[PDB]
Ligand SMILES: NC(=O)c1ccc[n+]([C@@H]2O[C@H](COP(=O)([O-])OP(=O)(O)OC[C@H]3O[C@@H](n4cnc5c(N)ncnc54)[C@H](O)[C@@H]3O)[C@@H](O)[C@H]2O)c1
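Consider the single chain below, provided in structure tokens and representing the form deposited without ligand NAD.
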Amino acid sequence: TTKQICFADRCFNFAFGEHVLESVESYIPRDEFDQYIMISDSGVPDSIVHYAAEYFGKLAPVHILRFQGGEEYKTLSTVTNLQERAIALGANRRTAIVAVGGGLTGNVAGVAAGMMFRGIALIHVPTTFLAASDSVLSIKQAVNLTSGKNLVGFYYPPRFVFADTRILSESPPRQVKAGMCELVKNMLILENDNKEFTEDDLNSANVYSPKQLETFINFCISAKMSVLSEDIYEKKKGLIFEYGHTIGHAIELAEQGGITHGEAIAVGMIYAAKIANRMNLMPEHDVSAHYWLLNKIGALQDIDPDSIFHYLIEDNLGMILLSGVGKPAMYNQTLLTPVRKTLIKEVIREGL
């Protein structure tokens, strides 16, 4: 399948299906770029990197640049190093950066492509379900600073995106689950009575066929772009995709790598549902709907309050809340509702 993705006036074609790379020659004219710099962090399977290089090499010369994976290396220093090497290889304004890997690779290659000559073509080849169904449907780019995660970056759109569903269907279950957590998030914050799948199609083992993931990806494209096509910087209505992230982010940090971003956001939504309830916004029934749906994908399986609350850090803190399933709660014509710090800490204390 191929969908046109537009962020304001900047669009790109997103192809996703089995062996999509075996057809890059049908989406990209051979005269478009004169070279491809393939960037992939070490945590990415070589077989995939070499597989992708073989097909892009049919359009023009390909040069593979690998770098040390890990959140500790996602820095401007790594970007600079990749840029220096890209230039030594003869990179120019006709060269295209091909990011093959997950979210970490996407961000590093994204910042690199956005700064070279003040901006060259970025091509995403997502190897994880989270990157293919969520991060690739966002033009935010960023790397870390010694003092914080993703504190430096900017907005930069890609020119092409290719997601191989065969590769995705063979990625580990837990990694697939992290993306499914964000999909359930889309189901909770948006109203949609016309999906190509039901909750009966969700499984806790998180093992799907190529076609089943294709359907999931198609659903996320429709969900996010129905909003982000206009709110390109995700500062208005786009803030809705931040559901579960306020406390989720803090929990993710507190666990120090023990849980995925998806699992953290899942617990974050539940805590957000309870909070909305304690504040007279959301009926208890909708709270249960959060547990029910998340258990269907086994989000709460592989899962200190003071620690969590510390990372989180006036008596109030803004949160994206819902009055009910598919119904975001507004405040001053904004999606940010001020919430009592003492209430947030109490809910975190009660737990799941």
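Sequential numbering from 1, following the sequence displayed.
One more form of this protein should be noted, the form deposited with ligand NAD bound, which is absent from this view; the next part is about it.
**Student:** Could you check which residue among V287, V62, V44, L293 gets a heavy atom within 4.5 Å of ligand NAD in the entry with it bound?
**Tutor:** Exactly one listed residue reaches within 4.5 Å, namely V44.
**Student:** Under a 4.5 angstroms heavy atom criterion, identify the one residue in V184, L104, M225, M115 near ligand NAD in the entry with it bound.
**Tutor:** For this set of options, the contacting one is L104.
**Student:** Would you check whether ligand NAD, in the entry with it bound, lies within 4.5 angstroms of a non-hydrogen atom from each of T128, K140 and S171?
**Tutor:** Yes: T128, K140 and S171 each sit within 4.5 Å of ligand NAD in the entry with it bound.
**Student:** Spot the stretch among 132 to 140, 78 to 86, 209 to 217, 190 to 198 with residues whose non-hydrogen atoms come within 4.5 Å of ligand NAD in the entry with it bound.
**Tutor:** After filtering at 4.5 Å, what remains is 132 to 140.
**Student:** Tell me, yes or no, whether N150 is in contact with ligand NAD in the entry with it bound, where a contact means a heavy atom of each within 4.5 Å.
**Tutor:** Looking in the entry with it bound, residue contacts with ligand NAD include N150, since a heavy atom lies within 4.5 Å.
**Student:** Within a 4.5 Å heavy atom cut-off, is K74 in contact with ligand NAD in the entry with it bound?
**Tutor:** The answer is yes: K74 has a heavy atom within 4.5 Å of ligand NAD.
**Student:** At 4.5 Å between heavy atoms, is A53 in contact with ligand NAD in the entry with it bound?
**Tutor:** Although ligand NAD is absent here, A53 would stay clear of it in the entry with it bound, with no heavy atoms inside 4.5 Å.
**Student:** Against ligand NAD in the entry with it bound, would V161 count as a contact residue? Criterion: heavy atoms within 4.5 Å.
**Tutor:** Contact check for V161: no, nothing within 4.5 Å of ligand NAD in the entry with it bound.
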